[PDB]
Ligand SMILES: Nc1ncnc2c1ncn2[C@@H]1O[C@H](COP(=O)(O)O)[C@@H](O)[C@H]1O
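What follows is one chain in structure tokens, specifically the form deposited without the named molecule.
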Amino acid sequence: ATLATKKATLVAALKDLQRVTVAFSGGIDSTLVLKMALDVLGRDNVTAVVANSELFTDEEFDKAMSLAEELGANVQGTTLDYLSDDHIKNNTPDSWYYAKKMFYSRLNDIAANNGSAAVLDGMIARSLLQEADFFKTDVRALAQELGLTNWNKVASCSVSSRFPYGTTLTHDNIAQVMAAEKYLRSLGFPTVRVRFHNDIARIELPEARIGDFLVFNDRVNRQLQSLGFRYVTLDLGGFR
């Protein structure tokens, strides 16, 4: 339960696997797994996969593709068509599960195609970090120990959560929500939700940021209206 002991448990696991395919999102967790896998197995035994999809931002895709190459890995993008599944398209309350099936099936296929022994992710499918009992504390210490300083500081969540259960997702309403959230982040609010209620936009901010938001009220109102919302509102209860 020392860090040196957990790092060794991780090393021993990667060595036994020989070849791996890493589901790589660009956060600090998957960043740590990919770097360790490269160090222990070498570039030509590691394949980093970054999923491109409608449910997540193109900025997160382009950032993870760039970061994985930056760590010295063979990186491959793959495009998932989440809305082709009827459960996801109609935002069923179990649609999270159908999306994971699509995801891991694709990476399972890529991994069997390239001869990998397992698909790896960054939980703290094999979650080696979790298996070695890494906490966020340990992930921070080891990443700094390897010289890592660059990763996506905001981990994102599926845009489906912005729509009520049963609401049909469309390319247009997803783009409208993602454009609104991107604008709000560019103003200094990295944690924000633009909940979609047809003609009404309902913005969720952490309550301690709401006073800071006041200077932007008018600009946000006009911008989100130009994106197609008729009414632009701020939820009084805050984020969650």
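Counting begins at 1, following the sequence as shown.
Only in words, not in the display: the form deposited with the named molecule bound, which the text now covers.
*Asks:* According to a 4.5 angstroms non-hydrogen atom cut-off, is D85 in contact with the named molecule in the deposited bound form?
*Replies:* So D85 does not count as contacting the named molecule.
*Asks:* Even though the named molecule is not shown here, does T47 get within 4.5 Å of it in the deposited bound form, heavy atoms only?
*Replies:* Close contact is absent here: in the deposited bound form, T47 is far from the named molecule, nothing within 4.5 Å, heavy atoms only.
*Asks:* Give a yes or no for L146: in the deposited bound form, does one of its heavy atoms lie within 4.5 Å of a heavy atom belonging to the named molecule?
*Replies:* Residue-level check for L146: no, no contact with the named molecule.
*Asks:* Would you classify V20 as touching the named molecule in the deposited bound form, given a 4.5 Å non-hydrogen atom cut-off?
*Replies:* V20: no, not in contact with the named molecule in the deposited bound form.
*Asks:* Check each of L41, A51, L55, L205 and return the one that places a heavy atom within 4.5 angstroms of the named molecule in the deposited bound form.
*Replies:* Comparing distances to the named molecule in the deposited bound form, the residue within 4.5 Å is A51.
*Asks:* Counting only non-hydrogen atoms, which stretch in 67-75, 165-173, 87-95, 115-123 is within 4.5 Å of the named molecule in the deposited bound form?
*Replies:* Only one stretch qualifies here: 115-123.
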